[PDB]
Amino acid sequence: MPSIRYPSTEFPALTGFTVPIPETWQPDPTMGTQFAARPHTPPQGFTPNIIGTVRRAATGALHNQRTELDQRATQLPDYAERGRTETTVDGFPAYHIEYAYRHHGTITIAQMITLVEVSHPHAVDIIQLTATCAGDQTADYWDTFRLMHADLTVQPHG
Amino acid sequence: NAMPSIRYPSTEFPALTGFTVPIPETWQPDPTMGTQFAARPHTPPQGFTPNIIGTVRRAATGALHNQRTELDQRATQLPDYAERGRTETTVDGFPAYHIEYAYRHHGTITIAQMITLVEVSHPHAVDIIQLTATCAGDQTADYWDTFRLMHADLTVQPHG
Ligand SMILES: [Mg+2]
Ligand SMILES: [Mg+2]
């Protein structure tokens, strides 16, 4: 049996990425994601957070994930979208979406997502950055979230 | 107004563990599948194409146990679920889990799957390496031993 090792030239390592965080926040290495941060002084109730995850996916993944986000939208109660954009993050194709919905009739969840697609020869990486807070926390956090997403960078050569 | 940056990978958010799978000379890697590892036969049976895929992901402490629970729940649901066996195990010394099962897909084909999970611990989190081989029910006589050999010879390449 030939031995197929990951990473290799034809199954490359995952793209790196960087997120700036403000003084009021701190990284959370226990979250279980490749990037996470939380306020050092969290409010009562919902704990706002931001996470980042990079994964290998097939060519066309950014379009497929956008469809999945569309489809998920139809199944979030009281879905309210602020906006969606097609953009670039370091020149790499990206998608950004901001919305809120009502979860179990019990809390309002507001989320800000950026997806970035880095292309390899045979496949892609999708970087997903997701910031979440409660609906009555958006006045406290939305500008901070926007800055973190705006200054997301990707490092495809390490 | 000057925000520091948090870079992945780093000591606190480390890179993913590598892994290696041997494949028969009658199989070939498939870099287009969209996974960190994939392979398929050069000449497959008709209908379903047998394949093996490998993924490694970052997860929280306790993820292997959690995934075992999530697989158990996914099961009580899958039509005509049939389990060959399950067990805790180790792979290159690391905690691991193995399960083999089949179920009915679309009422038209039986899908047989062999899964090995390996949990590599980092200081604050873990990696889960998941190896999944799949063929159709009428293909197990031709493929199950080949699957066993690939799962038996999975190795892990941690980095300090
Ligand atoms: Mg478009
Ligand atoms: Mg660049």
# chains A, B, ... in the order shown; residues from 1 in each chain; ligands from 1
>>> closest_atom_pairs(of="region 33-88 of chain B", to="region 92-108 of chain B", cutoff="10 Å", atoms="only C-alpha atoms", output="tab-separated table")
residue	atom	partner	partner_atom	distance
B:64	CA	B:96	CA	7.6
B:65	CA	B:97	CA	9.1
B:67	CA	B:97	CA	9.7
B:68	CA	B:97	CA	8.0
B:71	CA	B:99	CA	9.4
B:75	CA	B:103	CA	8.9
B:77	CA	B:103	CA	9.8
B:78	CA	B:103	CA	6.1
B:79	CA	B:104	CA	5.3
B:80	CA	B:103	CA	5.2
B:81	CA	B:103	CA	4.5
B:82	CA	B:102	CA	5.2
B:83	CA	B:101	CA	4.2
B:84	CA	B:100	CA	5.3
B:85	CA	B:100	CA	5.7
B:86	CA	B:99	CA	4.3
B:87	CA	B:98	CA	5.5
B:88	CA	B:97	CA	4.4
>>> residues_near_ligand(ligand="ligand 2", cutoff="9 Å", atoms="only C-alpha atoms and all ligand atoms", output="list in words")
residues 89, 90, 91, 92, 153, 154, 155, 156 and 157 of chain A
>>> write_last_selection(atoms="N, CA, C and O atoms", output="mmCIF file, in the first residue's frame")
data_model
loop_
_atom_site.group_PDB
_atom_site.id
_atom_site.type_symbol
_atom_site.label_atom_id
_atom_site.label_comp_id
_atom_site.auth_asym_id
_atom_site.auth_seq_id
_atom_site.Cartn_x
_atom_site.Cartn_y
_atom_site.Cartn_z
ATOM 1 N N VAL A 89 -11.809 39.586 0.714
ATOM 2 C CA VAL A 89 -11.037 39.762 1.928
ATOM 3 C C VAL A 89 -9.617 39.404 1.562
ATOM 4 O O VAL A 89 -9.324 38.264 1.143
ATOM 5 N N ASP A 90 -8.705 40.382 1.509
ATOM 6 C CA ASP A 90 -7.398 40.162 0.850
ATOM 7 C C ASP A 90 -7.476 39.692 -0.613
ATOM 8 O O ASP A 90 -6.665 38.876 -1.062
ATOM 9 N N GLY A 91 -8.477 40.185 -1.332
ATOM 10 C CA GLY A 91 -8.634 39.853 -2.739
ATOM 11 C C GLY A 91 -9.300 38.526 -3.039
ATOM 12 O O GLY A 91 -9.720 38.270 -4.192
ATOM 13 N N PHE A 92 -9.391 37.693 -1.999
ATOM 14 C CA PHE A 92 -10.049 36.398 -2.091
ATOM 15 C C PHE A 92 -11.527 36.645 -2.018
ATOM 16 O O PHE A 92 -11.975 37.483 -1.238
ATOM 17 N N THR A 153 -7.738 38.878 8.188
ATOM 18 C CA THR A 153 -6.761 38.605 7.118
ATOM 19 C C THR A 153 -6.539 37.107 6.989
ATOM 20 O O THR A 153 -6.766 36.337 7.922
ATOM 21 N N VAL A 154 -6.130 36.709 5.805
ATOM 22 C CA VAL A 154 -5.843 35.307 5.545
ATOM 23 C C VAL A 154 -4.420 35.118 5.080
ATOM 24 O O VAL A 154 -3.809 35.979 4.411
ATOM 25 N N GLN A 155 -3.851 34.007 5.535
ATOM 26 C CA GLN A 155 -2.462 33.670 5.312
ATOM 27 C C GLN A 155 -2.356 32.305 4.632
ATOM 28 O O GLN A 155 -2.137 31.290 5.253
ATOM 29 N N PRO A 156 -2.466 32.311 3.312
ATOM 30 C CA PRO A 156 -2.421 31.065 2.550
ATOM 31 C C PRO A 156 -1.034 30.453 2.339
ATOM 32 O O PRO A 156 -0.947 29.368 1.746
ATOM 33 N N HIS A 157 0.028 31.137 2.742
ATOM 34 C CA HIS A 157 1.365 30.553 2.591
ATOM 35 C C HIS A 157 1.982 30.369 3.978
ATOM 36 O O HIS A 157 3.193 30.159 4.109
#
>>> closest_residue(among="A:123, A:152, A:54, A:110", to="chain B", atoms="only C-alpha atoms")
A:123
>>> residues_near_ligand(ligand="ligand 1", cutoff="12 Å", atoms="only C-alpha atoms and all ligand atoms", output="list in words")
residues 62, 63, 64, 66, 67, 84, 85, 86, 87, 93, 94, 95 and 96 of chain A
>>> write_last_selection(atoms="C-alpha atoms", output="PDB file, in the first residue's frame")
ATOM      1  CA  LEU A  62     -18.572  29.380  -1.211  1.00  0.00           C
ATOM      2  CA  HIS A  63     -21.626  29.295  -3.507  1.00  0.00           C
ATOM      3  CA  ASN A  64     -22.912  26.115  -1.870  1.00  0.00           C
ATOM      4  CA  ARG A  66     -24.374  30.692   0.555  1.00  0.00           C
ATOM      5  CA  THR A  67     -27.289  28.513  -0.631  1.00  0.00           C
ATOM      6  CA  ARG A  84     -25.590  40.667   2.728  1.00  0.00           C
ATOM      7  CA  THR A  85     -22.610  41.521   0.529  1.00  0.00           C
ATOM      8  CA  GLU A  86     -20.373  39.940  -2.036  1.00  0.00           C
ATOM      9  CA  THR A  87     -16.896  41.250  -1.375  1.00  0.00           C
ATOM     10  CA  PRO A  93     -13.767  36.047  -2.825  1.00  0.00           C
ATOM     11  CA  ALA A  94     -15.912  36.581   0.248  1.00  0.00           C
ATOM     12  CA  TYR A  95     -19.463  36.807   1.490  1.00  0.00           C
ATOM     13  CA  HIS A  96     -20.688  38.781   4.492  1.00  0.00           C
TER      14      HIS A  96
END
>>> interface_residues(of="chain B", to="chain A", cutoff="7 Å", atoms="only C-alpha atoms", output="PyMOL selection string")
chain B and resi 3-9+12-13+18-25+31-37+58-60+124-125
>>> select_by_dssp(residues="chain B", states="strand (DSSP E or B)", output="PyMOL selection string")
chain B and resi 5-8+18-22+27-29+37-41+51-60+82-91+94-105+109-121+125-136+155-157
>>> closest_residue(among="B:140, B:90, B:73, B:26", to="residue 114 (chain B)", atoms="only C-alpha atoms")
B:140
>>> residues_around(residues="residue 44 (chain A)", least_positions_apart="2", cutoff="12 Å", atoms="only C-alpha atoms", output="list in words")
residues 39, 41, 42, 46, 47, 48, 133, 134, 136 and 137 of chain A
>>> select_by_dssp(residues="region 17-154 of chain B", states="alpha helix (DSSP H)", output="PyMOL selection string")
chain B and resi 63-75+140-152
>>> write_last_selection(atoms="N, CA and C atoms", output="PDB file, in the first residue's frame")
ATOM      1  N   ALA B  63     -14.421  15.946  23.060  1.00  0.00           N
ATOM      2  CA  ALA B  63     -15.111  15.827  21.769  1.00  0.00           C
ATOM      3  C   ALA B  63     -15.364  14.406  21.300  1.00  0.00           C
ATOM      4  N   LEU B  64     -14.438  13.501  21.598  1.00  0.00           N
ATOM      5  CA  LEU B  64     -14.636  12.113  21.180  1.00  0.00           C
ATOM      6  C   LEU B  64     -15.882  11.521  21.851  1.00  0.00           C
ATOM      7  N   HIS B  65     -15.993  11.741  23.159  1.00  0.00           N
ATOM      8  CA  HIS B  65     -17.163  11.279  23.887  1.00  0.00           C
ATOM      9  C   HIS B  65     -18.430  11.894  23.315  1.00  0.00           C
ATOM     10  N   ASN B  66     -18.400  13.199  23.081  1.00  0.00           N
ATOM     11  CA  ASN B  66     -19.541  13.887  22.492  1.00  0.00           C
ATOM     12  C   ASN B  66     -19.910  13.313  21.127  1.00  0.00           C
ATOM     13  N   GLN B  67     -18.909  13.055  20.293  1.00  0.00           N
ATOM     14  CA  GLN B  67     -19.197  12.520  18.974  1.00  0.00           C
ATOM     15  C   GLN B  67     -19.808  11.122  19.052  1.00  0.00           C
ATOM     16  N   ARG B  68     -19.359  10.338  20.032  1.00  0.00           N
ATOM     17  CA  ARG B  68     -19.946   9.001  20.244  1.00  0.00           C
ATOM     18  C   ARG B  68     -21.437   9.118  20.562  1.00  0.00           C
ATOM     19  N   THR B  69     -21.788  10.085  21.414  1.00  0.00           N
ATOM     20  CA  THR B  69     -23.208  10.364  21.745  1.00  0.00           C
ATOM     21  C   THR B  69     -23.977  10.791  20.496  1.00  0.00           C
ATOM     22  N   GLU B  70     -23.375  11.668  19.690  1.00  0.00           N
ATOM     23  CA  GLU B  70     -24.038  12.189  18.491  1.00  0.00           C
ATOM     24  C   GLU B  70     -24.218  11.121  17.411  1.00  0.00           C
ATOM     25  N   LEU B  71     -23.288  10.168  17.346  1.00  0.00           N
ATOM     26  CA  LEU B  71     -23.411   9.035  16.437  1.00  0.00           C
ATOM     27  C   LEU B  71     -24.535   8.090  16.884  1.00  0.00           C
ATOM     28  N   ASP B  72     -24.625   7.850  18.194  1.00  0.00           N
ATOM     29  CA  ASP B  72     -25.692   7.034  18.786  1.00  0.00           C
ATOM     30  C   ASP B  72     -27.067   7.610  18.471  1.00  0.00           C
ATOM     31  N   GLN B  73     -27.200   8.932  18.551  1.00  0.00           N
ATOM     32  CA  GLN B  73     -28.476   9.581  18.256  1.00  0.00           C
ATOM     33  C   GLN B  73     -28.800   9.530  16.754  1.00  0.00           C
ATOM     34  N   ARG B  74     -27.789   9.781  15.920  1.00  0.00           N
ATOM     35  CA  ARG B  74     -27.917   9.718  14.461  1.00  0.00           C
ATOM     36  C   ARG B  74     -28.415   8.327  14.051  1.00  0.00           C
ATOM     37  N   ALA B  75     -27.972   7.297  14.783  1.00  0.00           N
ATOM     38  CA  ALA B  75     -28.339   5.887  14.560  1.00  0.00           C
ATOM     39  C   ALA B  75     -29.822   5.546  14.764  1.00  0.00           C
ATOM     40  N   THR B 140     -19.806  -5.089   0.026  1.00  0.00           N
ATOM     41  CA  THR B 140     -18.986  -5.380   1.209  1.00  0.00           C
ATOM     42  C   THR B 140     -18.094  -6.604   1.027  1.00  0.00           C
ATOM     43  N   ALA B 141     -18.546  -7.638   0.313  1.00  0.00           N
ATOM     44  CA  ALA B 141     -17.662  -8.796   0.116  1.00  0.00           C
ATOM     45  C   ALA B 141     -16.378  -8.429  -0.618  1.00  0.00           C
ATOM     46  N   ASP B 142     -16.475  -7.505  -1.570  1.00  0.00           N
ATOM     47  CA  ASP B 142     -15.325  -7.084  -2.339  1.00  0.00           C
ATOM     48  C   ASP B 142     -14.468  -6.024  -1.654  1.00  0.00           C
ATOM     49  N   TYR B 143     -15.045  -5.297  -0.697  1.00  0.00           N
ATOM     50  CA  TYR B 143     -14.349  -4.127  -0.152  1.00  0.00           C
ATOM     51  C   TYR B 143     -14.069  -4.082   1.346  1.00  0.00           C
ATOM     52  N   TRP B 144     -14.765  -4.886   2.145  1.00  0.00           N
ATOM     53  CA  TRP B 144     -14.640  -4.709   3.597  1.00  0.00           C
ATOM     54  C   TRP B 144     -13.233  -5.013   4.144  1.00  0.00           C
ATOM     55  N   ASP B 145     -12.570  -6.055   3.622  1.00  0.00           N
ATOM     56  CA  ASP B 145     -11.213  -6.341   4.070  1.00  0.00           C
ATOM     57  C   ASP B 145     -10.264  -5.220   3.680  1.00  0.00           C
ATOM     58  N   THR B 146     -10.473  -4.629   2.508  1.00  0.00           N
ATOM     59  CA  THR B 146      -9.628  -3.526   2.033  1.00  0.00           C
ATOM     60  C   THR B 146      -9.826  -2.343   2.990  1.00  0.00           C
ATOM     61  N   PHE B 147     -11.081  -2.101   3.347  1.00  0.00           N
ATOM     62  CA  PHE B 147     -11.399  -1.061   4.325  1.00  0.00           C
ATOM     63  C   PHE B 147     -10.721  -1.327   5.672  1.00  0.00           C
ATOM     64  N   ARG B 148     -10.795  -2.572   6.154  1.00  0.00           N
ATOM     65  CA  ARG B 148     -10.168  -2.945   7.401  1.00  0.00           C
ATOM     66  C   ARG B 148      -8.683  -2.617   7.367  1.00  0.00           C
ATOM     67  N   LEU B 149      -8.010  -2.971   6.271  1.00  0.00           N
ATOM     68  CA  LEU B 149      -6.575  -2.722   6.192  1.00  0.00           C
ATOM     69  C   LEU B 149      -6.240  -1.231   6.256  1.00  0.00           C
ATOM     70  N   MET B 150      -7.023  -0.394   5.583  1.00  0.00           N
ATOM     71  CA  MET B 150      -6.790   1.043   5.641  1.00  0.00           C
ATOM     72  C   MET B 150      -7.012   1.582   7.035  1.00  0.00           C
ATOM     73  N   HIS B 151      -8.086   1.151   7.695  1.00  0.00           N
ATOM     74  CA  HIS B 151      -8.323   1.602   9.069  1.00  0.00           C
ATOM     75  C   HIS B 151      -7.303   1.058  10.062  1.00  0.00           C
ATOM     76  N   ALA B 152      -6.864  -0.192   9.859  1.00  0.00           N
ATOM     77  CA  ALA B 152      -5.816  -0.778  10.701  1.00  0.00           C
ATOM     78  C   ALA B 152      -4.488  -0.056  10.586  1.00  0.00           C
TER      79      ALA B 152
END
>>> closest_residue(among="B:112, B:91, B:15, B:133", to="residue 53 (chain B)", atoms="only C-alpha atoms")
B:133
>>> atom_distance(atom1="CA of residue 14 (chain B)", atom2="CA of residue 122 (chain B)")
7.7 Å
>>> atom_distance(atom1="CA of residue 42 (chain B)", atom2="CA of residue 54 (chain B)")
18.5 Å
